[PDB]
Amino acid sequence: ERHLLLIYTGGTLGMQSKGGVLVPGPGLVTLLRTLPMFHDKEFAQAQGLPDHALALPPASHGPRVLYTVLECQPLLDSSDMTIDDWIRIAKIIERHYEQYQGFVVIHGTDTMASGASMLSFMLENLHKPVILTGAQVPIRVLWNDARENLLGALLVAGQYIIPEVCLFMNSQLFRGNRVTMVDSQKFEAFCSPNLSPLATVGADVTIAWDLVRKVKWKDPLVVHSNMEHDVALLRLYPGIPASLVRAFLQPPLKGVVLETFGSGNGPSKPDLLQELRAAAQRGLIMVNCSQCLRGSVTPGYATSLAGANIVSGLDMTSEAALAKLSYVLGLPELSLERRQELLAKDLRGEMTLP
């Protein structure tokens, strides 16, 4: 047997109608009991299992998967989620780390990529799978993507030792800190633009073991609650005025991700550059990410954004750059130089160096 904790945070996967809009819906365990694909009643009574614990039917070979549903309260649309919510989740995983062989987190799609990236950083030396999943259509609606997304997540966590925060949707397993949402209606909602999926499910299950990270058995799990809140994201647009940037970068901001044009460029007008420079003197750290979905930030142009306190984000997603910025700035007693060096390193598989 293998034992999993299913953490239900909210999201469309479990929503219900009310006032003609979808809102978070409680009572997930109650529903799941009634579904044979999610709970084997015969086996449960045959082992007289507890009322909190469900049991997946069997695969021919390999371990039986059991899981316990922890329903957060209140449940949230992922658009209302913040760093504090993700810290709460990490702490749940920390509290119960020893009792369970893996974790599945049901989450809304709207900020799924931010959440996956954040947990990726907070959960240092992670040894077990943490699989985020969600859906475009609620599980209570007959034609949905929820059933197979939830089952796949449970089967991955239950059967494979992939020590990473992942996202499972639409028969693909992605590295969590590598994904971003590309489609607001279709079931293929997420893309991992700069890295293959860690796994694919079809007639058989193909895992890219060459990419999956190695379990560091010696080192214990260190959960970082010390994530810096005063970080932001700022997207450049043509003609963006210096005075607006000045305002954006005022104290108490400590870090910012600048989403720039193309290979990592912005306007070279001096008043703008002066503000970035002024912000650096105040001790602000800036990460340069491209607005483009695919490719890497690279120097080469007179418009390339480089300089004091600007670290290139290379091929990072913006969700990952923001989380990494939150993580690095939250570490105690480091110099600015050191912090910049940590930002330029691949810390959780989120960044490919040249």
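Don't overthink the numbering: it's just position in the shown sequence, from 1.
- Item | Residue stretch of maximal mean CA temperature factor, 145-153 vs 242-250 | Looking at the record's C-alpha B-factors, the answer is 242-250.
- Message: Using only C-alpha atoms and the B-factors in the entry, which stretch averages higher, 108-116 or 72-80?
- Response: Comparing 108-116 with 72-80, the higher mean C-alpha B-factor belongs to 72-80.
- With respect to the C-alpha temperature factors reported in the PDB entry, which of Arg178, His229, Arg213, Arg235 ranks highest? Top of the list by C-alpha B-factor: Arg213.
- Out of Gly264, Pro138, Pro220, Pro193, which shows the largest CA B-factor listed in the entry? Largest recorded C-alpha B-factor: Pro220.
- Message: Is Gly295 in the lowest, middle or highest third of its chain when residues are ranked by C-alpha B-factor?
- Response: According to the entry, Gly295 has a C-alpha B-factor in the chain's middle third.
- C-alpha B factor of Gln47, ranked within the chain: lowest, middle or highest third? Its C-alpha B-factor, which the entry lists for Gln47, ranks in the highest third among residues of this chain.
- Query: How does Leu322 rank on Cα B-factor within its chain, lowest, middle or highest third?
  - Reply: For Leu322, the deposited C-alpha B-factor lands in the lowest third.
- Message: Which third, lowest, middle or highest, does the C-alpha temperature factor of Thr34 belong to within its own chain?
- Response: Within its chain, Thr34 is a highest-third residue by C-alpha B-factor, going by the deposited values.
- Comparing against every modelled residue in the chain, figure out the third that the C-alpha B-factor of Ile87 lands in (lowest, middle or highest). Lowest third.
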